[PDB]
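The chain contents come next:
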Amino acid sequence: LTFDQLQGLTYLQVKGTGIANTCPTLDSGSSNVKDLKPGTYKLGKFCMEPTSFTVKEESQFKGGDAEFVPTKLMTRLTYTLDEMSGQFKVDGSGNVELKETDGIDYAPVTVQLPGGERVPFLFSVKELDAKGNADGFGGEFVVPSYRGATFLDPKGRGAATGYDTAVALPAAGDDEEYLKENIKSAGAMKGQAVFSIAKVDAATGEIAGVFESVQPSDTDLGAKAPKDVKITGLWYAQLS
Amino acid sequence: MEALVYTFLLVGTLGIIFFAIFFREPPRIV
Amino acid sequence: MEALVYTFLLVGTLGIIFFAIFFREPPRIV
Amino acid sequence: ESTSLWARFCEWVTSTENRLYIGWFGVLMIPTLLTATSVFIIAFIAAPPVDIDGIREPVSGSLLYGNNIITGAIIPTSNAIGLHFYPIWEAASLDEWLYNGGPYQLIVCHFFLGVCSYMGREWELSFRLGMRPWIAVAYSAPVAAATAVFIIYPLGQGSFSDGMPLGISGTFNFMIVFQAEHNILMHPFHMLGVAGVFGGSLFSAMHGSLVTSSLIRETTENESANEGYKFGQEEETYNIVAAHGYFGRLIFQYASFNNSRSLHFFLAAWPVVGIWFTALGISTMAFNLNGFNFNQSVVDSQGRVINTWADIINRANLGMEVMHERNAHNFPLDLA
Amino acid sequence: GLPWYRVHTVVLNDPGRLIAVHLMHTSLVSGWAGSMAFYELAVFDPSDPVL
Amino acid sequence: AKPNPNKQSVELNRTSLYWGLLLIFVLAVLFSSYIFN
Amino acid sequence: XXXXXXXXXXXXXXXXXXXXXXXXXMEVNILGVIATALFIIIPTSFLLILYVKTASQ
Amino acid sequence: XXXXXXXXXXXXXXXXXXXXXXXXXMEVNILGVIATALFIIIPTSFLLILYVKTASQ
Amino acid sequence: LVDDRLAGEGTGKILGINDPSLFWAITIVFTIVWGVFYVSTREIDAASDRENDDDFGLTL
Amino acid sequence: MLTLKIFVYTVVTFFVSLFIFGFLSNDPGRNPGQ
Amino acid sequence: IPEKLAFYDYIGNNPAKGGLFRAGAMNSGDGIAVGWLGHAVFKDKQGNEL
Ligand code: CLA
Ligand code: CLA
Ligand code: CLA
Ligand SMILES: CCCCCCCCCCCCCCCC(=O)OC[C@H](CO[C@@H]1O[C@H](CS(=O)(=O)O)[C@@H](O)[C@H](O)[C@H]1O)OC(=O)CCCCCCCCCCCCCCC
Ligand SMILES: CCCCCCCCCCCCCCCC(=O)OC[C@H](CO[C@@H]1O[C@H](CS(=O)(=O)O)[C@@H](O)[C@H](O)[C@H]1O)OC(=O)CCCCCCCCCCCCCCC
Ligand SMILES: CCCCCCCCCCCCCCCC(=O)OC[C@H](COP(=O)(O)OC[C@@H](O)CO)OC(=O)CCCCCCCCCCCCCCC
Ligand code: OEX
Ligand SMILES: [Cl-]
């Protein structure tokens, strides 16, 4: 569905179909970003629909060839970032710099690895600042903590709110065994995303392409080491 | 090991239920 | 635990001997 | 005599010579209850944790995942699902179905059909045996209670996550949160429900003790008194007049049922009517018609509020309200 | 009466109950195989096949 | 149907009980040390 | 080699697994196994002794 | 300062006594208790069932 | 998207028929059961000992 | 999952059809009285 | 202050702090007492005792 096709559908014709979780496709247009007049455009309707989630696993077979294993999606169609806005600057020499500002720019996603391990992560392009040429322009983005500072764990312990100890254990609480779990932090991390432009419609001011993003997983408020998640998919935007 | 005990206890109770229904003393009139 | 289980097994075996001698089935002629 | 397949099948289905009566309600009861039984046992032993609140915080309810018999439960469906139908075929993978609390809906939906068919199957056997058809009516009281906590309360609240978890500790969480949000103890229908079960327990003990106290001597003291009764006896095994005489003197003559038929109707009506109202109580509280709210009802001459026992209950209700679903509320009012 | 070591000799000349008795051992052996596998799957660690 | 004609009744006299009880306890005494190991 | 001994622990986990994510629960009394076994078999045997005695007469 | 060395400073033994004057708490599989228990009760019950049935004639 | 699903949830389809094959599943099964029932009505009524005339059926 | 859905639709329709035509098979006449 | 007297002033020696199925000795619950850490007096920044 192109952007015009989607706007020709009622909400009741979309509710439940699943096409609400799809970025618009840019048909026709062109394959040369040169058709875009050089300048600073206003990024609008920027949306990134993933097409795959893979999580890096340490190889027990030695060799240290940690590879991204395939996963199974666990949280259904809630994983596309849309309504993301910002500025898009096009250079005559083909240089591209994209900067996200607002919009969804984040979505909690959980996937399950072989063996039944659920790995949650916060798929986000927050504060995405990508620079490069049309064929590939990448940059780093902020991955905030999966759980906020006021998230209470099943024992009532949190970062900005809750107990700072194991109240269930009046004596053995605050021991060295539970020091790591009692103290919780909501610090953020960073990820690397590489975008690529595949279709550009100068007349309508619409661009599209593919992306690849690598970001850490949920650290359980600092209780577990984050895994590496590689997100590949499509993206779409409207320059104006 | 507790999971073994719990499962054995539960399926053991259902085993008694099965036998009480089908392997019961039939009620015979006088 | 082992020392408790060894003692119960030993005194249990001795207890059987006592009953096998005094609480035995009496041998009766014909 | 019957030669047609359907004529022979219908005779077998309605046959009263089967060890367990099947009947036409049984062709609905048996497949639904076996389906719910199979998934319940499998899920209670080996189901993965379920994200009940829709906040991506799974709750373990299986034996193989660290629970015992008391704390094990089938977790209700995810709050993200809501009241939406979630069969296994609407999930991309069976792992996703398990994660979102799929097994709960499968059990509850097939179980509701099972108890409704079990109720009809009770009528059907009575008709086939030529007895009066109201044991099924007495069974409608527990059916209503089961329907209220598994269907109607989730319906009014807007999510299957608000149904009663299929577990022991899960049941207690259901009751405590229910008190905090609806004040069920102060509702006149749980009051009638309590009188139904306290009274029913009282009447069961009194009727059982009065009949046992009046057993006609038919055995010796080295035998069970039960041996004095032979299955199929045409005569009475206890003296009703003697039991009425005892209970007549116990309170006063006209406080006792001289009629066994009236007595047994009373034994049936009192608990059934009581459970009907407490089942309605949960159903009414499903649409947020809460129990009596007497908070700050007593104020002095100058306006100062004098606390009562109702206010102390509110203090306990306040504590449960601010702790249930700790991470689920972003806004001050618990409208959901 | 029968000595304890000759109890299962009652189905010596009962073909119907001999089949039932051999169906019971088969049920137990099959039940053990399923139970044994489930127990092993609850303990097996497939993470490190080499070492 | 008609009752099964192969019905028998198992017997265990007291002296067999003492032998059986002795074997179980003696064998347990023997193997307990190894089972604990 | 103690560096490599702790290298594997922080890396890919050790063997023998556990039911689900974690089911060790070493705090479990374990003596409850004997308590549960003795509470089952001893009364069960008592009931079976009386029934077999009764069923044979 | 920190009481982490306080429990270490308790060189004088402070613990419930072991069964031996030279201390007897060795690594034996607790499954031995259950195995011994089952091997005793299960065959004992079997014999008592048969004897009580026989003794009642 | 990353996975495939029927995506028929909450779409208000008649009898939940997302694909026409479900229609054949229900129709064929109902017709079969109706078929065996239809050729047995006379035999079932014959057991009543009355003819299914305008005065047939349980009536108080 | 459609295969599973069609199988369940076949099964559910089968038992419901038996229930419907079962009670249409002179059910009221299946009583022990006269 | 005798260490025996102080040990009585510990809520872990209160007989109304246990559980029906918290089996065993009080040593099995909170550990074996090693020594008194001394009285802890809490002071405000201004010096007032809390
Ligand atoms: C498929 C193999 C097989 C089969 C079908 C039989 C069948 C039979 N045997 Mg036999 N036997 C076998 C193998 C087999 N045996 C072997 C390998 C040996 C050598 C040890 C013997 C030695 C033997 C003797 C000495 C006698 C019999 C007797 C009998 C008859 C009565 C059994 C009885 O009631 O005692 C019932 C037994 C008990 C109630 C308790 C004993 C069970 C043992 C001690 C431990 C149980 C092990 C465990 C629970 C099951 C797993 C075993 C499996 C791993 C192999 C019966 C028809 C008796 C006979 O001939 O009757 C006249 C008899 O005297 N058998
Ligand atoms: C459709 C039936 C069926 C199927 C497909 C299976 C399949 C399986 N079973 Mg199972 N089993 C079954 C029925 C079945 N079983 C029944 C009915 C029982 C109860 C008796 C069992 C009891 C059982 C146990 C105890 C075990 C299995 C196991 C297994 C697995 C490995 C089998 C194996 O490799 O061992 C190899 C099989 C053999 C070597 C059989 C050899 C047959 C001998 C050599 C015959 C020799 C004499 C013969 C009469 C020759 C004369 C004729 C000749 C001249 C032609 C496998 C997946 C094993 C497992 O992994 O656990 C899950 C396991 O230990 N099964
Ligand atoms: C008035 C009787 C009495 C009292 C007050 C005590 C008190 C005490 N005993 Mg004790 N004991 C008694 C009788 C008694 N005993 C008898 C008759 C025996 C012989 C079996 C023992 C053998 C014994 C041993 C071996 C030990 C003690 C120990 C102890 C101390 C620990 C208490 C404890 O944890 O128990 C815990 C009680 C429970 C966990 C549950 C109580 C029972 C429940 C409420 C009844 C429920 C019914 C039943 C359990 C259902 C069974 C279900 C099935 C699955 C098991 C404590 C001061 C322990 C100790 O401290 O060592 C110094 C110790 O190891 N006792
Ligand atoms: C720790 C304990 C283990 C817990 C296990 C829990 C599950 C099983 C619980 C069983 C409890 C009931 C015991 C009493 C039953 C009784 O009296 O039966 C009544 C009949 C009457 O006898 C028969 O009676 C028949 C007719 S009637 O019954 O008399 O009407 C008659 O025809 C025939 O001649 C006569 O022999 O007794 C039997 O012959 C039944 C078979 C013997 C009992 C076997 C039970 C154990 C089965 C194995 C279970 C474990 C493994 C399972 C693997 C699939
Ligand atoms: C040694 C100390 C205890 C150690 C216990 C160790 C456990 C293992 C040994 C005991 C179990 C095996 C015995 C089996 C008995 C049997 O088959 O004969 C049955 C006996 C024979 O006497 C009956 O007596 C009859 C007379 S009358 O009919 O009762 O009048 C007569 O016909 C004939 O003698 C007989 O039939 O019947 C009885 O009257 C015996 C009583 C029941 C058995 C008691 C067992 C428990 C003993 C005490 C346990 C606690 C120990 C601690 C003490 C403080
Ligand atoms: C599921 C697992 C649980 C089931 C287990 C069932 C247990 C099976 C029964 C086995 C025990 C009963 C058999 C013996 C009871 C018994 O004697 O039965 C009596 C029998 C012969 O007696 P009768 O044939 O006259 O009577 C048998 C009875 O059924 C009738 O009373 O002897 C034997 O069967 C062989 C046993 C001889 C002796 C056996 C062991 C001897 C070793 C002694 C060790 C102690 C001293 C050691 C010093 C070094
Ligand atoms: O989901 Mn179950 O609990 Ca009926 O309130 Mn609102 O929502 Mn939730 O909170 Mn409270
Ligand atoms: Cl909660």
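Listed as the method for this PDB entry is cryo-EM; the listed resolution is 2.73 Å.

Asker: How should I be thinking about the nonpolar core in this particular structure?
Answerer: One recurring pattern in soluble globular proteins: nonpolar side chains tend to sit buried together. All names here are of chain A. Membership of the largest hydrophobic core comes to 42 residues, with the highest contact counts inside it found for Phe46, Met48, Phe88, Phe137, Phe195 and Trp235. Considering every element that reaches this core, the biggest residue donor is strand 1 (residues 39-57), with 6 residues. Not counting chain neighbours up to four residues away, the residues in contact with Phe46 comprise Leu81, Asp82, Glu83, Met84, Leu98, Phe195, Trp235, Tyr236 and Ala237.

Asker: Would you mind going over the UniProt feature "transmembrane region" in chain B with me for this structure?
Answerer: The sites that UniProt annotates as "transmembrane region" are residues 3-23 of chain B. Taken end to end, residues 3-23 of chain B is 95% helix and 0% strand, and its two terminal C-alpha atoms sit 29 Å from one another.

Asker: Which parts of the structure should I look at to understand the pattern of salt bridges?
Answerer: Proximity of charged atoms lets side chains of opposite charge pair with each other. One pass over the full model with this rule turns up 16 salt bridges over all chains. D:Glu124 is paired through a salt bridge with D:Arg128; the nearest N and O atoms lie 3.0 Å apart. Of the two residues, D:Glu124 and D:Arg128 both sit in helix 4 (residues 102-129), 4 residues apart, roughly one turn of that helix. Each of the salt bridges in this network shares a partner with another, and the network as a whole consists of A:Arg76, D:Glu96, I:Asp3, I:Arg5 and I:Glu9.

Asker: Could you clarify how one ought to interpret the UniProt feature "binding site: chlorophyll a ChlzD1" (unreviewed entry) in chain D in this entry?
Answerer: Residues and elements named next belong to chain D. Per the UniProt annotation, the sites labelled "binding site: chlorophyll a ChlzD1" (unreviewed entry) are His110. Summarising the element assignment, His110 is placed in helix 4. Beyond its immediate sequence surroundings of up to four residues, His110 is in contact with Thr32, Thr35 and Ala36.

Asker: I tried to follow the site of ligand 7 on my own but got confused; where do I start?
Answerer: Residue and element names in this part refer to chain D. Ligand 7 sits among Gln157, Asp162, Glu181, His324, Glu325, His329, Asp334 and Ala336. Contact distances for ligand 7 include 3.2 Å between an oxygen atom and a backbone N or O atom of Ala336. Partitioning the shell around ligand 7 into residue classes produces 1 nonpolar, 3 polar and 4 charged.

Conventions adopted
- Note on numbering: positions run from 1 along each chain as its sequence is written and may not match the entry's numbering; residues without coordinates are not listed.
- Think of it this way: whatever chain is written first is A, whatever ligand is written first is 1, and the rest follow in order.
- What is displayed is a subset of a larger assembly, so the values quoted cover only the displayed chains.
- Hydrogens and waters are ignored; side-chain quantities use all the structure's heavy atoms.
- Residues with missing side-chain atoms are left out of burial classes, side-chain pairs and their counts.
- Nonpolar core, defined: a set of buried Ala, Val, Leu, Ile, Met, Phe, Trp, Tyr and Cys residues in which side-chain atoms within 4.5 Å join the residues together.
- Each residue is placed in one exposure class: buried if its accessible area under a 1.4 Å probe, protein chains only, is under 20% of its type's maximum, exposed if it is over 50%, and partly exposed if it falls in between.
- A helix here means a DSSP run of H or I that spans at least four residues, while a strand means a run of E at least two residues long, and both kinds are numbered starting from the N terminus.
- Here a residue-residue contact requires only that any non-hydrogen atoms of the pair lie within 4.5 Å.
- UniProt positions are given in the numbering used here, feature names are shortened, and annotations may be inferred rather than shown by experiment.
- Throughout this description, the term salt bridge denotes a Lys or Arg side-chain nitrogen within 4 Å of a carboxyl oxygen of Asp or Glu.
- When we say a residue is near a molecule or strand, we mean one of its heavy atoms is within 4 Å of it.
- Throughout this description, a polar contact denotes any pair of N or O atoms lying within 3.5 Å of each other; where both atoms belong to protein, one of them has to be capable of donating a hydrogen while the other can accept it, and for residues adjacent in sequence the pair is counted only when both atoms sit in side chains.
- Under the scheme applied here, ten amino acids are nonpolar (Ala, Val, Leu, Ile, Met, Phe, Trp, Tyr, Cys and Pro), four are charged (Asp, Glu, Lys and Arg), and all others, including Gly, are polar.

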